[PDB]
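**Student:** One structure coming up, written as structure tokens, with questions to follow.
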There are 2 protein chains.
Amino acid sequence: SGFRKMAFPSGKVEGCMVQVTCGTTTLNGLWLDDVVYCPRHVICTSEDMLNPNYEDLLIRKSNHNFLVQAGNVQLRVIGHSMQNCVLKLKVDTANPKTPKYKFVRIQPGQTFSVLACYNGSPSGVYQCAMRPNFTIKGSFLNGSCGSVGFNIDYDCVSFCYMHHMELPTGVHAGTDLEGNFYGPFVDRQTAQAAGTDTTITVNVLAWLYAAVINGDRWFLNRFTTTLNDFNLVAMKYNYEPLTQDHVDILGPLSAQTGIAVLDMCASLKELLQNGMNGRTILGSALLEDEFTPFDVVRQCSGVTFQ
Amino acid sequence: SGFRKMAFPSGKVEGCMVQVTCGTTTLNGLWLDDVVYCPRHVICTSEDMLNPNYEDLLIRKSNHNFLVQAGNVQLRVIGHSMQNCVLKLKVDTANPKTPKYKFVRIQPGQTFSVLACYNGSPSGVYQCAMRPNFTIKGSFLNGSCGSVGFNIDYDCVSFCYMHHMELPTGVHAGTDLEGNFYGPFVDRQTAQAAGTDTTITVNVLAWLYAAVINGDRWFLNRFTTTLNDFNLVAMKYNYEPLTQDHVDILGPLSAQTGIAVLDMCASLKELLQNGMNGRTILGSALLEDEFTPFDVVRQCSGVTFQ
Ligand SMILES: O=C(c1cc(=O)[nH]c(=O)[nH]1)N1CCC(c2ccc(Cl)c(Cl)c2)CC1
Ligand SMILES: O=C(c1cc(=O)[nH]c(=O)[nH]1)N1CCC(c2ccc(Cl)c(Cl)c2)CC1
């Protein structure tokens, strides 16, 4: 038993991280087969950051302007191209540590692991969720651009996020690995604001099921509610509305605990209206929304990876 | 910026995990050079667990009773011995992925990363602290014994924990890698209780400095206090007393923020006496004590590893 913010093991990703330098700008790249992927703003200088014309900036570069290092080994760049907001550098050596991988775009409410890197060297791993406003609440310092987010399904790494920038409010924005931003952001150093965030309701319910599995039961009651009665209260508290698909997704956790989803919703309704009265749930005094139903199942029933 | 529960990258450890089977009992082992380390209770059966005589149980075993698998490859066991509560299995092949490593015993209040494993396969990584009562608040299911805890200093993995059991209250107990338990526990299935836990004060202060670094300042004031006046309040709230060594350890965070340690103690004194009034610090509504001063520095100033 127990419940922790658990990240995926990062070994398969650590061997794909490299350092990319162009001019006096250095950041991280992702080396898969014979291509290195990195944020295209590596080709900017101080004068360009405010209103860069990336087509102009790239045509003025040649392959030898790009220094790629995998630890000690230098990788020879033999080609470059731009795909949306990511740069693809063709190199002369295929990465022998390339795992089975795919590029997926995730949805708000989904979670993934971030391998934070500096100078091509992995520094730490943590779990976060994609917020409804398409930002993530990460932990990133200068030099972290090009760090990636990923999930592991069996033996396959699904890359879903490449880090590009920090917004003024301290949250983070980036792209999928095809270079398309999450959210309405662009890779220029203008002041951009994220939309208002909401709480991910299906995740809060999954976390309450994890609490019950671990012996925290004080918030339960025998009331029930309907989807529509719940959603009326949820919207008042800036909670995402709950759909029938969400109910179905929680099925396995309902089955395992014997507490119907709409029963659990009645408990949540109560917690939203009267607070938690200085009591805690799984060691938190706030309702946690960055565990998916799948995260809970994986941690409270146990699945490994190859 | 930002602040997350960040674990060390686990790649260097993932390649040392193997599966150990003896009879119908299977758990995880740690394969370094030509030795596999695992909890000695792998040699117990249902009849033995309550009052095992490990010397008796081991003399009745031969090398061929131990099945060790590294993925597909079977490792031939060519010798066995017991060192305190860990079993050492000599195998015919040295692990080619053995990192630079050392075995260290950590102190209460220190943090480390746990690589949770099942059937020799890494499942997740998370950060925890060694509690003052020598337990950890982990997340472990059946089959997790032999999972290890570690820190990474530069290129060197310091192994500090091997998982042995879950106590009745849902917390976890284990040994260092020399097989000596943390705390007053023994590897038998008797009911054992942990002592009362306390809050790790130097860690709470480090976390308040991280909050200031990240722009949460609402709890500051201009009061100051003395070590002895603070410790009188701390003991009333089940907080570990604060020493001059702790003050010195926080120096770099005092320097970076311009807030003297005893000033920060006055803020903590206030938070303990009046609570947080439904305000939050770094996204928590409780005082967090599982980040060391070194954890904060690493995350709020940036250090990588080789
Ligand atoms: O490395 C970081 C960084 C990331 C982070 O999350 N937090 C932090 O403090 N620093 N940089 C700041 C953004 C910079 C940039 C330059 C040019 C463009 Cl066009 C854009 Cl969009 C961004 C590159 C350098
Ligand atoms: O794998 C787990 C496990 C760990 C955990 O943390 N949580 C959970 O639910 N299960 N086991 C329970 C302890 C068992 C044991 C058997 C014999 C002895 Cl002598 C001892 Cl001391 C312990 C081995 C199997």
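Chain B uses Swiss-Prot numbers throughout; the residues present, in order, are 3264-3569.
If you check the header, you will see the structure was determined by X-ray crystallography, 1.9 Å.
Each Cβ is built from the backbone N, Cα and C atoms, and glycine gets one as well.
Per Swiss-Prot, the features are:
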ACT_SITE  B:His3304  active site, for 3CL-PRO activity
ACT_SITE  B:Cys3408  active site, nucleophile
CROSSLNK  B:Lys3268  ubiquitin cross-link
CROSSLNK  B:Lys3353  ubiquitin cross-link
DOMAIN    B:3264-3569  domain 'Peptidase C30'
**Student:** Measure from each Cβ of the recorded positions B:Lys3268, B:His3304, B:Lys3353, B:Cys3408 to the Cβ atoms of chain A, and list in sequence order the residues where some distance is under 8 Å, or 'none'.
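**Tutor:** Filtering B:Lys3268, B:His3304, B:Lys3353, B:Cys3408 for a Cβ under 8 Å from chain A leaves B:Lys3268.
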**Student:** Work out how many Å separate B:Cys3408 (active site, nucleophile) and B:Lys3268 (ubiquitin cross-link) at their Cα atoms, rounded off.
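**Tutor:** So the alpha carbons of B:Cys3408 (active site, nucleophile) and B:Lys3268 (ubiquitin cross-link) sit roughly 23 Å from each other.
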**Student:** Cα distance, B:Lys3268 (ubiquitin cross-link) to B:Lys3353 (ubiquitin cross-link), nearest Å?
**Tutor:** 37
**Student:** Within the set B:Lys3268, B:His3304, B:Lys3353, which recorded positions show a CB-to-ligand 2 distance under 6 A?
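**Tutor:** Cβ < 6 Å from ligand 2, in sequence order: B:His3304.
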**Student:** Three states by DSSP: which one describes B:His3304 (active site, for 3CL-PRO activity)?
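**Tutor:** In three-state terms, B:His3304 (active site, for 3CL-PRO activity) counts as helix.
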**Student:** Compute the C-alpha separation of the residue listed as 'active site, for 3CL-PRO activity' from B:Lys3268 (ubiquitin cross-link), stating it in Å without decimals.
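**Tutor:** Here the two Cα atoms lie 32 Å apart.
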**Student:** CB neighbours of B:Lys3268 (ubiquitin cross-link) within 10 A?
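**Tutor:** Around the Cβ of B:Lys3268 (ubiquitin cross-link), 21 other Cβ atoms lie within 10 Å.
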**Student:** Can you tell me whether DSSP puts B:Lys3353 (ubiquitin cross-link) in helix, strand or coil?
**Tutor:** strand
**Student:** I'd like the number of other C-beta atoms within 10 A of the C-beta of the residue listed as 'active site, nucleophile', please.
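**Tutor:** Cβ-Cβ neighbours of the residue listed as 'active site, nucleophile' within 10 Å number 25.
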**Student:** Going by DSSP, is B:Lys3268 (ubiquitin cross-link) sitting in a helix, a strand, or coil?
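**Tutor:** For B:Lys3268 (ubiquitin cross-link) - judged by DSSP and reduced to three states - the answer is coil.
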